[PDB]
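Next up, structure tokens for two forms of one chain, structure 1 and then structure 2.
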Structure 1
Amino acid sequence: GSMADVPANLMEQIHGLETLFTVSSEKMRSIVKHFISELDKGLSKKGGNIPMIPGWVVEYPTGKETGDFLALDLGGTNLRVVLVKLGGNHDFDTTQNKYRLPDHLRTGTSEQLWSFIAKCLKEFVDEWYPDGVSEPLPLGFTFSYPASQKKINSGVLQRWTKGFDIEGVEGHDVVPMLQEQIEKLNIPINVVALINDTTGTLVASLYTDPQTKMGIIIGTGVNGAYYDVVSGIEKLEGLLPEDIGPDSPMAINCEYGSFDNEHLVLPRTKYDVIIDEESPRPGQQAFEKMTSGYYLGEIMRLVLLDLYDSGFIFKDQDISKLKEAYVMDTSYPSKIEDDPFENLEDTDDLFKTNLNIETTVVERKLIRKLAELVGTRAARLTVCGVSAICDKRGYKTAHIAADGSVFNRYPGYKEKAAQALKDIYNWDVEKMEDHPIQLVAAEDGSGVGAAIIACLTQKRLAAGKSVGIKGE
């Protein structure tokens, strides 16, 4: 609440940061206008900055999908392998194992990555099918990075995101890279489909919630998927086989973490500039860099180090541990917003124990305000992607299936995101559950969604129907 004890000199800095990080309802509406134009440009013949990548899911799941499938999920804190049993009445069951990523995987080689993944797949298959199998197990591969797909079992990596920086993969088809390592270990796996995590979120959540119109991730990254219609995808004109007609649905992985790399509308601050310049891929993922869980603690770190350098805080402290980029992950602002003490004892312990920095009560109130500003900005900017897709497609109502560490775990985040949509549309509604466009907990898109997409894909191929451009 209250700040009576904070000197005027520091209150001026807090007021400057509030100004710098606050996004007005009108600013969200103007961002949304420009976001719609950039979504449409990405579907155009000439293309645009936002990839808008077709995912070759050309139908809705009916709920009657049946059978056992493997899902391989690259992009959680761990690698995950899942055995998914579809039940045939909108029901499923799963069991899974998680595998710790090698140290420095993100800056390692392609060969390291594909060898580690195949090793984990063989461990899983040996554990769950110790007696072997009569036919190759069908697998859906969730690759949580932007990949061009000429057909559903191909994925050519466009750019590493979220800190990744593995040489030899951007511009390469990852499905053959995975397949060669599967073969080398003689694992009986049929890679039926590659999907993005948003596309899986969309499809898995539609299997149990028929009002789903988007699948979004608000986690280590930020992105969304939805279904367009083939007639609305100009860049597919002349490329489609005859069985996929103009009225067919087509799921789109927007990769809208990329939005506004031109820096024409988002309220980038000097802290966002540094994050982008110091990241592995400068010039890329502008919207995600402002919003997602890989970055929110790094925005706080850079603000704190500016306030120190300018003489305002930590004046008598050794701040050496604060100089390490990414040392403050989003668990810092999360714990700070959760601290239930008046004088922020939990925050005191966090800075002393983990950073060796003694704080005053007034400095912890400043830090708490900073965490709140950064989280609120993230929520208000992130729902502009939802508003943009819904306005573009003419959805006045929607369940928006959401997943990811920030939506699920960041204190207060679901309430702020729902308030930001309420503010965009000027609804009168009182309770979150009554919002006409509302975020709801998703089904597991990287596990259950990859399995349903593998199932739908196999059914198409058994029927002789297409799952890629003509000549694929």
Structure 2
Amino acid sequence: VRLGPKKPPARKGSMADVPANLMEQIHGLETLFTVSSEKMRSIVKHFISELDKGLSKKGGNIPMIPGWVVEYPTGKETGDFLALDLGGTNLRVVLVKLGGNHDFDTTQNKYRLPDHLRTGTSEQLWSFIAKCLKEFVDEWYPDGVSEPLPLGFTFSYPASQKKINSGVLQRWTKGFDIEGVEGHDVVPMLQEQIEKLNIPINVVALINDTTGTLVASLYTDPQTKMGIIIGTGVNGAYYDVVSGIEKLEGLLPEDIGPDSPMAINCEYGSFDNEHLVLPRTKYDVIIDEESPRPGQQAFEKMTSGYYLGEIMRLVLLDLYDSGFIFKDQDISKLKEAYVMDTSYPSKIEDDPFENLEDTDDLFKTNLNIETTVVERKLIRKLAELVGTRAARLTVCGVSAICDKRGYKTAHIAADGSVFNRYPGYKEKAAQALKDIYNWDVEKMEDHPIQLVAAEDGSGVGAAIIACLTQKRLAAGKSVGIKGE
């Protein structure tokens, strides 16, 4: 039924019937949005320079935050470990049992946050989280445990960490707004509530989810060299080496030696806030000028899936205003910012039909705009250009990390809604890496540097980081700066 179950072939996409004047505008969209291999190589050179800068004492626009994971997982770890992921709408609690052969078992619950928890008191939040952990532990360990359960806490909010078992909140995001937490260490706040309920849990690590994605994926897949999130937000994490981190000079204890690995949470959404290398167009400038924080998050704005529909909307409105398309149409819906979400370029790029009838139905039904076939061919071209630009720019971050560290091969453990669901994304990213490196290789599965699906970072990853951490803490091996 319908088009059958297997992915339809890509449409042929003939441009033979497109009139000269529209075809000139299509070429102008190609000039605006195509990222050449040379431009990619150029962006990567500057990205490497900014990765270096963020690790220097002076710092830079890329935070390059030390994650205080100073060893790799081996895959041979065993035991029971907890993970907590505090999101905007819910708390997830995960019991991970590590099998010792790159394998694990999970048992997980999800506790939806009451509306008021995001904005009430500090004690109310940590008490709620402790009540969920008590309910969980009491069910899964009805007769307690002989050793407390180490817990890793995924707390993906701007924070500073001078050691892994700490997180001083810098600023709340994602709808949280709780007094008396900004500027304080959240780890003892949660531990205090745990102890109040006499729950046998020791909070031993606080992480960013992308650090988790890196370490979970390297536990199951030892070829992992990076964890990357390609969604509404963007981020990457990898292992540097202590000697490469000027900003830690003089602060490390001697048992964290110069050749020690150090996981880094790049927070590279802010790469090129100086607007010197990314190929921002007039439409990107408008998106930025109209955003909550103009001049911030330059790289996120150029690569996040959240803006891809918005770019199309502004281009389309421009084409309309300049007299090229939708001449007789009521275009009022195209004047609403963010009316086109990521589903628009997605559906348009998935349209299997030469006459682009999925695109026709989307425009008529959702935007009240009737179109000619040749207009839809422009619209389809535009969607392909915007989806492909975002993949080629994301891969500059992958390439900069690999080139910085000398990784000639890598699995890049990827997650987020763009990687997982945007049409053709994996193909677009693989072609981008092939174009950067000029590999002579037929099949994407054989690419020396290739994206693969990540393991669960904020659950499994935080639990494995808790396992690694607990082994250091037990032995007296340092997990932070001297004295901390």
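By convention here, residues take numbers in order along the sequence of structure 1, the first being 1. The term rigid core refers to the most C-alpha atoms you can superpose between the two forms while keeping them within 1.5 Å.
For the residue set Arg364, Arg377, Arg301, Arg80, core-aligned C-alpha shifts between structure 1 and structure 2 reach 2 angstroms or more at a single site, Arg80. The Cα shift for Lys459 between structure 1 and structure 2, taken after rigid core superposition, is 2 angstroms or larger. The Cα position of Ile182 differs by 2 Å or more between structure 1 and structure 2 after fitting on the rigid core. Annotation: Cα of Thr62 displaced by at least 2 Å between structure 1 and structure 2, core superposition. On core superposition, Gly447 has its C-alpha offset by 2.4 angstrom between structure 1 and structure 2.
In the core-aligned comparison between structure 1 and structure 2, the Cα atom of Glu242 sits 4.9 Å away from its counterpart.
Comparison between structure 1 and structure 2 places the CA of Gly200 1.4 angstrom away from its other position, after core fitting.
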